[PDB]
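A.B. asks: need a structure here:
(one chain, ligands or ions: 1)
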Amino acid sequence: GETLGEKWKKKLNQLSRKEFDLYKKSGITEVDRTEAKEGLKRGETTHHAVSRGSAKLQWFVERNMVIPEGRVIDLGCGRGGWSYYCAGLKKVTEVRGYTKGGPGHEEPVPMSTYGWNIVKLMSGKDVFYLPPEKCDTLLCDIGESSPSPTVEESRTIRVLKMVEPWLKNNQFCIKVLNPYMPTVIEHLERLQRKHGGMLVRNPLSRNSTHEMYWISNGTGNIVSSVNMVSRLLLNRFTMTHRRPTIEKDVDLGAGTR
Ligand SMILES: Cc1cc(N)c2cc(NC(=O)Nc3ccc4nc(C)cc(N)c4c3)ccc2n1
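C.D. replies: Numbering: from 1, shown residues only. Below is the structure:
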């Protein structure tokens with residue numbers, strides 16, 4: 001070291017509140033969640049995504065980076081945004097979501113968006129002790145940020161260690177909270193050797209996170225991709241502020257499959 005990502009993290013931790021709030025959205029893409037949030041406030045159960053996560057996963061799926069099919073397991077499903085998005089996909093036959101829930105954590109949100117009847121979301125489940133199950137698609141969006149990159153390093157490696165027993169001849173999309181710490185890079189290189197895939201930056205991620213996703217389809221140089229993200233995020237500190245690109249949120253429809 002020290003890595004480009006660690007330099008980015010230092011500068012991020014130096015920002016004031018107003019500088020941070022400007023920087024985190026500068027030049028990013030984001031979905032307009034206003035209508036959806038009002039719908040959830042009213043208890044509406046059709047069309048709305050339960051989180052910004054549905055659109056986030058959609059970005060990967062529309063580029064065939066992960067192609068949900070068959071039995072989908074969603075580790076750390078939270079409200080269920082990834083699960084309910086997958087439930088509407090023709091090739092998907094079953095969605096099982098597991099999440100901790102309870103105090104301080106999001107509970108699954110019951111919905112009747114398209115394909116809801118093939119979704120089972122289970123709260124009260126600690127995925128770090130959950131025996132691996134056969135699945136055709138493995139999703140995991142777990143990783144708690146911290147101002148400390150070393151804390152994030154341990155959290156990230158713990159997530160990667162937990163998800164690996166679930167991976168075998170299947171599609172996957174796994175969040176890598178901190179991909180730039182050298183120990184994480186080494187684990188990712190061994191993981192790519194065992195299971196393939198590639199590390200990709202989602203443009204709906206805010207500039208305040210260096211998160212990248214390990215997706216199953218394709219290949220590439222992990223260090224080069226991480227460093228590309230680090231340079232982008234570093235340059236956005238001094239780039240003139242740019243308003244984010246606002247897109248419409250996803251419409252997940254209604255009814256049973
Ligand atoms: C306040 C808050 C913030 C988040 N980013 C959350 C994410 C989630 N999504 C997750 O996957 N969370 C999560 C988060 C941390 C976890 N830790 C262990 C040891 C086991 C788990 N099954 C587990 C799950 C859930 C609740 C959240 N609550």
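
A.B. asks: can we go C-alpha only for contacts and neighbour counts from here?
C.D. replies: Fine.

A.B. asks: Distance from stretch 121-136 to the middle of the chain?
C.D. replies: 17 Å (Cα atoms, centre = their mean, to the nearest Å).

A.B. asks: I'd say residue 242 and residue 24 touch.
C.D. replies: No. In this structure, residue 242 is not within contact of residue 24 by Cα atoms under 8 Å, at 10.6 Å.

A.B. asks: Neighbour count for those two, which is higher?
C.D. replies: residue 24 (20 against 13; other Cα atoms under 10 Å).

A.B. asks: Give me the buried positions along the helix or strand where that one lies.
C.D. replies: Element membership for residue 24 (DSSP states H and E) is helix 17-25. By neighbour count on 16 or more other Cα atoms under 10 Å, the buried set for helix 17-25 is 20, 23, 24, 25.

A.B. asks: which among those gets closest to residue 38?
C.D. replies: Taking Cα to Cα as the measure, residue 38 sits nearest to residue 25 out of the buried residues of helix 17-25, at 22.2 Å.

A.B. asks: what's the spacing between the closest one and residue 198?
C.D. replies: 25 Å (Cα to Cα, to the nearest Å).

A.B. asks: And for residue 213?
C.D. replies: Residue 213 sits 8 Å away from residue 198, going by Cα to Cα.

A.B. asks: Which ones, among the buried residues of helix 17-25, also lie beside the ligand?
C.D. replies: Among those, proximity to the ligand is found for none (Cα under 6 Å from any ligand atom).

A.B. asks: Which pair in those has the greatest spatial separation?
C.D. replies: When Cα to Cα is used, the two most widely separated members of those are 20 and 25, lying 8.9 Å apart.

A.B. asks: about what we covered before: for the next helix-or-strand element following the helix holding residue 24, enumerate the helices and strands it packs against.
C.D. replies: Once helix 17-25 ends, the next helix or strand along the chain (criterion: DSSP H and E) is strand 29-32. Strand 29-32 sits against strand 245-248, with contacts defined as 3 or more Cα pairs under 8 Å, 6 or more residues apart in numbering; DSSP states H and E.

A.B. asks: Run the chain-centre distance for the strand it packs on.
C.D. replies: So, by Cα atoms, centre = their mean, the centroid of strand 245-248 is 19 Å from its chain's centroid.

A.B. asks: cool, stretch 41-48 as well?
C.D. replies: Distance, stretch centre to chain centre, for stretch 41-48: 23 Å (Cα atoms, centre = their mean).

A.B. asks: what's the answer for stretch 143-160, then?
C.D. replies: Centre to centre, stretch against its chain (Cα atoms, centre = their mean), the figure for stretch 143-160 is 14 Å.

A.B. asks: how about that stretch: buried residues?
C.D. replies: 143, 145, 149, 152, 153, 155, 156, 157, 159, 160.

A.B. asks: For residue 65, list the residues it contacts.
C.D. replies: Contacts for residue 65 (Cα atoms under 8 Å, 6 or more residues apart in numbering) come out as 215, 216, 217, 218.

A.B. asks: Right, I'll call it a day here.
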